[PDB]
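Visitor: Structure: upload_38.cif, mmCIF, N, CA and C atoms.
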data_final
loop_
_atom_site.group_PDB
_atom_site.id
_atom_site.type_symbol
_atom_site.label_atom_id
_atom_site.label_comp_id
_atom_site.auth_asym_id
_atom_site.auth_seq_id
_atom_site.Cartn_x
_atom_site.Cartn_y
_atom_site.Cartn_z
ATOM 1 N N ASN L 1279 118.019 127.689 92.214
ATOM 2 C CA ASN L 1279 118.451 128.572 91.145
ATOM 3 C C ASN L 1279 119.383 127.879 90.161
ATOM 4 N N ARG L 1280 119.864 126.686 90.494
ATOM 5 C CA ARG L 1280 120.875 126.004 89.699
ATOM 6 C C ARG L 1280 120.223 125.312 88.502
ATOM 7 N N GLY L 1281 121.017 124.562 87.742
ATOM 8 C CA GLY L 1281 120.481 123.850 86.600
ATOM 9 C C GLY L 1281 119.591 122.698 87.022
ATOM 10 N N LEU L 1282 118.574 122.425 86.203
ATOM 11 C CA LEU L 1282 117.518 121.526 86.644
ATOM 12 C C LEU L 1282 117.897 120.054 86.570
ATOM 13 N N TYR L 1283 119.078 119.701 86.065
ATOM 14 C CA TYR L 1283 119.533 118.330 86.264
ATOM 15 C C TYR L 1283 120.056 118.130 87.678
ATOM 16 N N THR L 1284 120.722 119.141 88.240
ATOM 17 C CA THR L 1284 121.189 119.037 89.615
ATOM 18 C C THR L 1284 120.053 119.159 90.618
ATOM 19 N N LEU L 1285 118.923 119.747 90.222
ATOM 20 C CA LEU L 1285 117.753 119.746 91.091
ATOM 21 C C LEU L 1285 117.155 118.355 91.205
ATOM 22 N N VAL L 1286 117.194 117.587 90.115
ATOM 23 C CA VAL L 1286 116.696 116.217 90.127
ATOM 24 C C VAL L 1286 117.575 115.335 91.006
ATOM 25 N N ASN L 1287 118.895 115.523 90.938
ATOM 26 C CA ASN L 1287 119.798 114.811 91.832
ATOM 27 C C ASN L 1287 119.630 115.234 93.283
ATOM 28 N N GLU L 1288 119.182 116.464 93.528
ATOM 29 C CA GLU L 1288 118.937 116.914 94.888
ATOM 30 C C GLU L 1288 117.589 116.439 95.413
ATOM 31 N N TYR L 1289 116.635 116.161 94.521
ATOM 32 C CA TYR L 1289 115.260 115.905 94.943
ATOM 33 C C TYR L 1289 115.131 114.568 95.661
ATOM 34 N N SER L 1290 115.902 113.569 95.242
ATOM 35 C CA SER L 1290 115.837 112.285 95.923
ATOM 36 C C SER L 1290 116.885 112.159 97.021
ATOM 37 N N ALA L 1291 118.056 112.771 96.843
ATOM 38 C CA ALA L 1291 119.159 112.541 97.769
ATOM 39 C C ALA L 1291 119.046 113.408 99.016
ATOM 40 N N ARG L 1292 119.110 114.723 98.847
ATOM 41 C CA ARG L 1292 119.121 115.637 99.980
ATOM 42 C C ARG L 1292 117.713 115.828 100.518
ATOM 43 N N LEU L 1293 117.593 115.815 101.841
ATOM 44 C CA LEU L 1293 116.336 116.175 102.472
ATOM 45 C C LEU L 1293 116.133 117.681 102.353
ATOM 46 N N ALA L 1294 114.871 118.093 102.273
ATOM 47 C CA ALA L 1294 114.534 119.465 101.920
ATOM 48 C C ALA L 1294 114.709 120.391 103.122
ATOM 49 N N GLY L 1295 114.293 121.645 102.975
ATOM 50 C CA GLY L 1295 114.509 122.609 104.032
ATOM 51 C C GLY L 1295 113.416 122.613 105.079
ATOM 52 N N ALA L 1296 113.636 121.835 106.145
ATOM 53 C CA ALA L 1296 112.817 121.713 107.350
ATOM 54 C C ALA L 1296 111.347 121.385 107.104
ATOM 55 N N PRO L 1297 110.996 120.147 106.778
ATOM 56 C CA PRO L 1297 109.588 119.747 106.781
ATOM 57 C C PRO L 1297 109.149 119.421 108.203
ATOM 58 N N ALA L 1298 107.876 119.058 108.334
ATOM 59 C CA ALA L 1298 107.299 118.771 109.635
ATOM 60 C C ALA L 1298 107.780 117.428 110.171
ATOM 61 N N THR L 1299 107.366 117.136 111.399
ATOM 62 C CA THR L 1299 107.633 115.842 112.007
ATOM 63 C C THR L 1299 106.658 114.796 111.484
ATOM 64 N N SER L 1300 106.780 113.590 112.026
ATOM 65 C CA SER L 1300 105.939 112.463 111.652
ATOM 66 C C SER L 1300 105.575 111.728 112.931
ATOM 67 N N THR L 1301 104.271 111.531 113.144
ATOM 68 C CA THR L 1301 103.692 110.865 114.319
ATOM 69 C C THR L 1301 104.088 111.581 115.621
ATOM 70 N N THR L 1302 103.568 112.798 115.770
ATOM 71 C CA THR L 1302 103.612 113.547 117.021
ATOM 72 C C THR L 1302 102.218 114.091 117.308
ATOM 73 N N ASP L 1303 102.124 114.972 118.299
ATOM 74 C CA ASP L 1303 100.837 115.584 118.607
ATOM 75 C C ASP L 1303 100.677 116.922 117.898
ATOM 76 N N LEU L 1304 101.640 117.820 118.078
ATOM 77 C CA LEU L 1304 101.475 119.210 117.687
ATOM 78 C C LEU L 1304 102.263 119.591 116.439
ATOM 79 N N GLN L 1305 102.792 118.606 115.701
ATOM 80 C CA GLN L 1305 103.463 118.783 114.405
ATOM 81 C C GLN L 1305 104.685 119.702 114.531
ATOM 82 N N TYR L 1306 105.713 119.174 115.200
ATOM 83 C CA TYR L 1306 106.964 119.898 115.390
ATOM 84 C C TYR L 1306 107.816 119.853 114.121
ATOM 85 N N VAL L 1307 108.985 120.486 114.175
ATOM 86 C CA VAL L 1307 109.915 120.506 113.048
ATOM 87 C C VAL L 1307 110.853 119.308 113.166
ATOM 88 N N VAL L 1308 111.207 118.708 112.028
ATOM 89 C CA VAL L 1308 111.986 117.476 112.053
ATOM 90 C C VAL L 1308 113.449 117.805 112.351
ATOM 91 N N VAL L 1309 114.150 116.854 112.965
ATOM 92 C CA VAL L 1309 115.545 117.040 113.348
ATOM 93 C C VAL L 1309 116.229 115.676 113.336
ATOM 94 N N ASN L 1310 117.522 115.683 112.982
ATOM 95 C CA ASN L 1310 118.511 114.606 113.106
ATOM 96 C C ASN L 1310 118.322 113.472 112.094
ATOM 97 N N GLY L 1311 117.178 113.450 111.396
ATOM 98 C CA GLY L 1311 116.855 112.549 110.297
ATOM 99 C C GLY L 1311 117.229 111.081 110.396
ATOM 100 N N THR L 1312 116.745 110.384 111.424
ATOM 101 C CA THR L 1312 117.150 108.995 111.624
ATOM 102 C C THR L 1312 116.427 108.061 110.661
ATOM 103 N N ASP L 1313 115.105 107.964 110.787
ATOM 104 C CA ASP L 1313 114.259 107.253 109.828
ATOM 105 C C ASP L 1313 113.166 108.232 109.422
ATOM 106 N N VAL L 1314 113.481 109.069 108.440
ATOM 107 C CA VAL L 1314 112.596 110.124 107.970
ATOM 108 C C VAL L 1314 112.389 109.914 106.479
ATOM 109 N N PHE L 1315 111.136 109.724 106.075
ATOM 110 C CA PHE L 1315 110.791 109.395 104.693
ATOM 111 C C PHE L 1315 109.734 110.393 104.233
ATOM 112 N N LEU L 1316 110.186 111.552 103.760
ATOM 113 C CA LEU L 1316 109.306 112.649 103.372
ATOM 114 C C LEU L 1316 109.624 113.068 101.947
ATOM 115 N N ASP L 1317 108.675 112.868 101.047
ATOM 116 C CA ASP L 1317 108.781 113.336 99.671
ATOM 117 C C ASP L 1317 107.741 114.431 99.476
ATOM 118 N N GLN L 1318 108.156 115.685 99.631
ATOM 119 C CA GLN L 1318 107.234 116.784 99.411
ATOM 120 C C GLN L 1318 107.457 117.394 98.035
ATOM 121 N N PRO L 1319 106.428 117.477 97.188
ATOM 122 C CA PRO L 1319 106.582 118.167 95.906
ATOM 123 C C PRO L 1319 106.135 119.615 95.934
ATOM 124 N N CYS L 1320 105.519 120.072 97.021
ATOM 125 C CA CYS L 1320 105.095 121.461 97.130
ATOM 126 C C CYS L 1320 106.225 122.401 97.516
ATOM 127 N N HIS L 1321 107.455 121.907 97.627
ATOM 128 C CA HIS L 1321 108.590 122.745 97.986
ATOM 129 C C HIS L 1321 109.358 123.219 96.760
ATOM 130 N N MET L 1322 109.619 122.321 95.809
ATOM 131 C CA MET L 1322 110.363 122.700 94.611
ATOM 132 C C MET L 1322 109.508 123.529 93.663
ATOM 133 N N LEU L 1323 108.269 123.096 93.428
ATOM 134 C CA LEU L 1323 107.415 123.756 92.451
ATOM 135 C C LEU L 1323 106.861 125.079 92.956
ATOM 136 N N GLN L 1324 106.852 125.280 94.279
ATOM 137 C CA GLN L 1324 106.381 126.497 94.946
ATOM 138 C C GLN L 1324 104.926 126.805 94.594
ATOM 139 N N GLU L 1325 104.057 125.861 94.939
ATOM 140 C CA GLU L 1325 102.622 126.034 94.795
ATOM 141 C C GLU L 1325 101.937 125.331 95.956
ATOM 142 N N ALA L 1326 100.637 125.574 96.083
ATOM 143 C CA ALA L 1326 99.820 124.940 97.105
ATOM 144 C C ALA L 1326 98.428 124.701 96.545
ATOM 145 N N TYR L 1327 97.777 123.643 97.008
ATOM 146 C CA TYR L 1327 96.532 123.271 96.351
ATOM 147 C C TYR L 1327 95.336 123.688 97.188
ATOM 148 N N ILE W 100 117.615 94.369 111.596
ATOM 149 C CA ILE W 100 118.304 94.803 110.389
ATOM 150 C C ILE W 100 119.434 95.733 110.792
ATOM 151 N N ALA W 101 120.625 95.480 110.264
ATOM 152 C CA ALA W 101 121.735 96.397 110.465
ATOM 153 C C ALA W 101 121.537 97.616 109.578
ATOM 154 N N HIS W 102 121.546 98.800 110.177
ATOM 155 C CA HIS W 102 121.312 100.030 109.438
ATOM 156 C C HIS W 102 122.598 100.830 109.288
ATOM 157 N N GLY W 103 122.523 101.870 108.466
ATOM 158 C CA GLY W 103 123.697 102.650 108.134
ATOM 159 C C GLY W 103 123.608 104.098 108.566
ATOM 160 N N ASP W 104 122.789 104.375 109.572
ATOM 161 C CA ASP W 104 122.578 105.735 110.034
ATOM 162 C C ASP W 104 123.366 105.971 111.319
ATOM 163 N N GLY W 105 123.161 107.129 111.935
ATOM 164 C CA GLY W 105 123.916 107.526 113.100
ATOM 165 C C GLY W 105 123.296 107.228 114.442
ATOM 166 N N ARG W 106 122.133 106.586 114.483
ATOM 167 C CA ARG W 106 121.472 106.333 115.754
ATOM 168 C C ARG W 106 122.136 105.170 116.489
ATOM 169 N N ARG W 107 121.610 104.879 117.675
ATOM 170 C CA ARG W 107 122.068 103.738 118.457
ATOM 171 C C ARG W 107 121.698 102.446 117.741
ATOM 172 N N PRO W 108 122.666 101.585 117.407
ATOM 173 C CA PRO W 108 122.325 100.318 116.753
ATOM 174 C C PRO W 108 121.658 99.389 117.744
ATOM 175 N N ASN W 109 120.347 99.211 117.612
ATOM 176 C CA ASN W 109 119.580 98.555 118.659
ATOM 177 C C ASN W 109 119.827 97.055 118.661
ATOM 178 N N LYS W 110 120.045 96.521 119.858
ATOM 179 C CA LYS W 110 120.215 95.090 120.039
ATOM 180 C C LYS W 110 118.891 94.369 119.831
ATOM 181 N N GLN W 111 118.981 93.071 119.554
ATOM 182 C CA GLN W 111 117.781 92.252 119.461
ATOM 183 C C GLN W 111 117.154 92.057 120.835
ATOM 184 N N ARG W 112 115.851 91.807 120.847
ATOM 185 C CA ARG W 112 115.104 91.571 122.072
ATOM 186 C C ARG W 112 114.458 90.196 122.002
ATOM 187 N N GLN W 113 114.698 89.374 123.017
ATOM 188 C CA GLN W 113 114.041 88.079 123.122
ATOM 189 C C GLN W 113 112.847 88.202 124.058
ATOM 190 N N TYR W 114 111.651 88.016 123.515
ATOM 191 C CA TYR W 114 110.436 88.021 124.313
ATOM 192 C C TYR W 114 110.173 86.633 124.876
ATOM 193 N N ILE W 115 109.798 86.585 126.148
ATOM 194 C CA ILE W 115 109.344 85.360 126.792
ATOM 195 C C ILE W 115 107.859 85.529 127.066
ATOM 196 N N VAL W 116 107.027 84.903 126.239
ATOM 197 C CA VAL W 116 105.579 84.955 126.387
ATOM 198 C C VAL W 116 105.142 83.742 127.190
ATOM 199 N N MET W 117 104.420 83.987 128.281
ATOM 200 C CA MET W 117 104.129 82.978 129.294
ATOM 201 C C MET W 117 102.627 82.700 129.289
ATOM 202 N N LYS W 118 102.231 81.600 128.658
ATOM 203 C CA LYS W 118 100.828 81.255 128.494
ATOM 204 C C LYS W 118 100.336 80.343 129.616
ATOM 205 N N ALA W 119 99.056 79.988 129.537
ATOM 206 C CA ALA W 119 98.393 79.110 130.493
ATOM 207 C C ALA W 119 97.597 78.035 129.751
ATOM 208 N N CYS W 120 96.786 77.292 130.502
ATOM 209 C CA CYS W 120 95.918 76.260 129.940
ATOM 210 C C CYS W 120 94.512 76.478 130.478
ATOM 211 N N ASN W 121 93.599 76.884 129.602
ATOM 212 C CA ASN W 121 92.201 77.016 129.983
ATOM 213 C C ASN W 121 91.579 75.641 130.165
ATOM 214 N N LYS W 122 91.016 75.395 131.340
ATOM 215 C CA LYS W 122 90.332 74.141 131.611
ATOM 216 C C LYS W 122 88.840 74.279 131.351
ATOM 217 N N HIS W 123 88.232 73.179 130.919
ATOM 218 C CA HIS W 123 86.794 73.119 130.716
ATOM 219 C C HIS W 123 86.273 71.792 131.245
ATOM 220 N N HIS W 124 84.972 71.757 131.500
ATOM 221 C CA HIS W 124 84.297 70.581 132.024
ATOM 222 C C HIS W 124 82.975 70.413 131.294
ATOM 223 N N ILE W 125 82.630 69.173 130.952
ATOM 224 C CA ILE W 125 81.392 68.853 130.249
ATOM 225 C C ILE W 125 80.747 67.660 130.940
ATOM 226 N N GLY W 126 79.435 67.737 131.178
ATOM 227 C CA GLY W 126 78.710 66.603 131.721
ATOM 228 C C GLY W 126 77.269 66.495 131.263
ATOM 229 N N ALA W 127 76.797 65.271 131.028
ATOM 230 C CA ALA W 127 75.400 65.001 130.720
ATOM 231 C C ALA W 127 74.820 64.064 131.766
ATOM 232 N N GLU W 128 73.524 64.199 132.021
ATOM 233 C CA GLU W 128 72.855 63.380 133.019
ATOM 234 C C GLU W 128 71.934 62.363 132.362
ATOM 235 N N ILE W 129 71.949 61.149 132.902
ATOM 236 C CA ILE W 129 71.224 60.015 132.344
ATOM 237 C C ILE W 129 70.401 59.392 133.458
ATOM 238 N N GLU W 130 69.089 59.331 133.271
ATOM 239 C CA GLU W 130 68.221 58.654 134.218
ATOM 240 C C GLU W 130 68.041 57.199 133.824
ATOM 241 N N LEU W 131 68.067 56.325 134.822
ATOM 242 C CA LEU W 131 67.696 54.927 134.664
ATOM 243 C C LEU W 131 66.649 54.611 135.719
ATOM 244 N N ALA W 132 65.475 54.169 135.278
ATOM 245 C CA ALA W 132 64.379 53.911 136.199
ATOM 246 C C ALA W 132 64.667 52.679 137.049
ATOM 247 N N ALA W 133 64.075 52.653 138.246
ATOM 248 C CA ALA W 133 64.337 51.564 139.179
ATOM 249 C C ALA W 133 63.716 50.251 138.732
ATOM 250 N N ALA W 134 62.683 50.296 137.894
ATOM 251 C CA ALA W 134 62.127 49.085 137.306
ATOM 252 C C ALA W 134 62.975 48.543 136.168
ATOM 253 N N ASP W 135 64.031 49.250 135.776
ATOM 254 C CA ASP W 135 64.958 48.787 134.755
ATOM 255 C C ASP W 135 66.185 48.118 135.360
ATOM 256 N N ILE W 136 66.669 48.636 136.487
ATOM 257 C CA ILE W 136 67.788 48.016 137.184
ATOM 258 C C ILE W 136 67.349 46.708 137.833
ATOM 259 N N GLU W 137 66.083 46.641 138.263
ATOM 260 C CA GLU W 137 65.600 45.529 139.078
ATOM 261 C C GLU W 137 65.503 44.241 138.274
ATOM 262 N N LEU W 138 65.031 44.322 137.032
ATOM 263 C CA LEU W 138 64.936 43.155 136.167
ATOM 264 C C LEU W 138 66.143 43.014 135.253
ATOM 265 N N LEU W 139 67.243 43.687 135.578
ATOM 266 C CA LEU W 139 68.505 43.449 134.896
ATOM 267 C C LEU W 139 69.278 42.306 135.536
ATOM 268 N N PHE W 140 69.287 42.241 136.862
ATOM 269 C CA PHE W 140 69.941 41.161 137.581
ATOM 270 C C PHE W 140 68.982 40.048 137.982
ATOM 271 N N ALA W 141 67.699 40.165 137.651
ATOM 272 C CA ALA W 141 66.721 39.182 138.096
ATOM 273 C C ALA W 141 66.848 37.890 137.301
ATOM 274 N N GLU W 142 66.633 36.770 137.982
ATOM 275 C CA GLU W 142 66.729 35.467 137.339
ATOM 276 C C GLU W 142 65.527 35.243 136.433
ATOM 277 N N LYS W 143 65.786 34.711 135.243
ATOM 278 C CA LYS W 143 64.767 34.585 134.215
ATOM 279 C C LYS W 143 64.838 33.197 133.593
ATOM 280 N N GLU W 144 63.670 32.598 133.357
ATOM 281 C CA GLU W 144 63.618 31.357 132.585
ATOM 282 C C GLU W 144 62.485 31.278 131.575
ATOM 283 N N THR W 145 61.396 32.010 131.740
ATOM 284 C CA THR W 145 60.306 31.919 130.787
ATOM 285 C C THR W 145 60.626 32.743 129.539
ATOM 286 N N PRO W 146 60.101 32.352 128.371
ATOM 287 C CA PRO W 146 60.359 33.129 127.148
ATOM 288 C C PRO W 146 59.690 34.496 127.095
ATOM 289 N N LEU W 147 58.936 34.909 128.112
ATOM 290 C CA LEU W 147 58.512 36.298 128.198
ATOM 291 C C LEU W 147 59.498 37.138 128.998
ATOM 292 N N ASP W 148 60.244 36.533 129.916
ATOM 293 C CA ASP W 148 61.283 37.251 130.641
ATOM 294 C C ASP W 148 62.627 37.218 129.931
#
Now that the file is in, can you turn its structure into structure tokens?
Guide:
Amino acid sequence: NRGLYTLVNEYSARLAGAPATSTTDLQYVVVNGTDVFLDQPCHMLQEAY
Amino acid sequence: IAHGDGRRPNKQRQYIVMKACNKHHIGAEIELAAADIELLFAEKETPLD
């Protein structure tokens, strides 16, 4: 809801609100963020293809 | 690589890889007829021998 310059600063820095895991079997929710490299654009724009 | 996150900073690991030596053997067979060995040591004086 904030100004869209602060959204750009949030898009690269802060990790988003609970994406999936990486390299598991049943696709759990991510936790503790040790080496997590997830750039999802379907979260900010609120669309799906 | 030294990292800047909160996980356990993992120590280096020295691998000891223990190899062997594959041996091989090669041989060829050569026939020499008995009429060839016999006139090899035989005494000769004529220009046909």
Visitor: Using only the atoms of segment 1311-1326 of chain L listed in the file, plus 6 Å on each side, state the axis-aligned box centre and edge lengths in Å rounded to one decimal, as AutoDock Vina command-line options.
Guide:
--center_x 107.8 --center_y 117.0 --center_z 102.0 --size_x 30.8 --size_y 31.6 --size_z 31.2
Visitor: For the provided coordinates, the residues matched by the PyMOL selection byres ((chain L) within 8 of (chain W)) should be stated as a PyMOL selection string.
Guide: chain L and resi 1310-1313
Visitor: Put those residues in a file: N, CA and C atoms, as an mmCIF file, keeping the file's coordinate frame.
Guide:
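Result saved to result_37.cif:
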data_model
loop_
_atom_site.group_PDB
_atom_site.id
_atom_site.type_symbol
_atom_site.label_atom_id
_atom_site.label_comp_id
_atom_site.auth_asym_id
_atom_site.auth_seq_id
_atom_site.Cartn_x
_atom_site.Cartn_y
_atom_site.Cartn_z
ATOM 1 N N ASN L 1310 117.522 115.683 112.982
ATOM 2 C CA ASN L 1310 118.511 114.606 113.106
ATOM 3 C C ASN L 1310 118.322 113.472 112.094
ATOM 4 N N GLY L 1311 117.178 113.450 111.396
ATOM 5 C CA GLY L 1311 116.855 112.549 110.297
ATOM 6 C C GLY L 1311 117.229 111.081 110.396
ATOM 7 N N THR L 1312 116.745 110.384 111.424
ATOM 8 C CA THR L 1312 117.150 108.995 111.624
ATOM 9 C C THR L 1312 116.427 108.061 110.661
ATOM 10 N N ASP L 1313 115.105 107.964 110.787
ATOM 11 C CA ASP L 1313 114.259 107.253 109.828
ATOM 12 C C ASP L 1313 113.166 108.232 109.422
#
Visitor: In Å to one decimal, how far is atom N of residue 1304 of chain L from atom CA of residue 1318 of chain L?
Guide: 19.5 Å
Visitor: Can you list, as a PyMOL selection string, all residues belonging to chain L that DSSP tags as alpha helix (DSSP H)?
Guide: chain L and resi 1282-1291
Visitor: Just write the chosen residues, N, CA and C atoms, as an mmCIF file, in the frame of the given file.
Guide:
data_model
loop_
_atom_site.group_PDB
_atom_site.id
_atom_site.type_symbol
_atom_site.label_atom_id
_atom_site.label_comp_id
_atom_site.auth_asym_id
_atom_site.auth_seq_id
_atom_site.Cartn_x
_atom_site.Cartn_y
_atom_site.Cartn_z
ATOM 1 N N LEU L 1282 118.574 122.425 86.203
ATOM 2 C CA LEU L 1282 117.518 121.526 86.644
ATOM 3 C C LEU L 1282 117.897 120.054 86.570
ATOM 4 N N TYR L 1283 119.078 119.701 86.065
ATOM 5 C CA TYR L 1283 119.533 118.330 86.264
ATOM 6 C C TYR L 1283 120.056 118.130 87.678
ATOM 7 N N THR L 1284 120.722 119.141 88.240
ATOM 8 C CA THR L 1284 121.189 119.037 89.615
ATOM 9 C C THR L 1284 120.053 119.159 90.618
ATOM 10 N N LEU L 1285 118.923 119.747 90.222
ATOM 11 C CA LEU L 1285 117.753 119.746 91.091
ATOM 12 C C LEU L 1285 117.155 118.355 91.205
ATOM 13 N N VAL L 1286 117.194 117.587 90.115
ATOM 14 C CA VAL L 1286 116.696 116.217 90.127
ATOM 15 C C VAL L 1286 117.575 115.335 91.006
ATOM 16 N N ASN L 1287 118.895 115.523 90.938
ATOM 17 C CA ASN L 1287 119.798 114.811 91.832
ATOM 18 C C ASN L 1287 119.630 115.234 93.283
ATOM 19 N N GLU L 1288 119.182 116.464 93.528
ATOM 20 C CA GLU L 1288 118.937 116.914 94.888
ATOM 21 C C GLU L 1288 117.589 116.439 95.413
ATOM 22 N N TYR L 1289 116.635 116.161 94.521
ATOM 23 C CA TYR L 1289 115.260 115.905 94.943
ATOM 24 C C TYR L 1289 115.131 114.568 95.661
ATOM 25 N N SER L 1290 115.902 113.569 95.242
ATOM 26 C CA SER L 1290 115.837 112.285 95.923
ATOM 27 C C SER L 1290 116.885 112.159 97.021
ATOM 28 N N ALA L 1291 118.056 112.771 96.843
ATOM 29 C CA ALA L 1291 119.159 112.541 97.769
ATOM 30 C C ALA L 1291 119.046 113.408 99.016
#
Visitor: Could you please determine the separation between atom CA of residue 1292 of chain L and atom CA of residue 1319 of chain L in Å, to one decimal place?
Guide: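 Rounded to one decimal, the two atoms are 13.4 Å apart.
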Visitor: Which value, in Å to one decimal, gives the distance between atom N of residue 101 of chain W and atom CA of residue 1315 of chain L?
Guide: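 According to the coordinates, atom N of residue 101 of chain W and atom CA of residue 1315 of chain L are separated by 17.9 Å.
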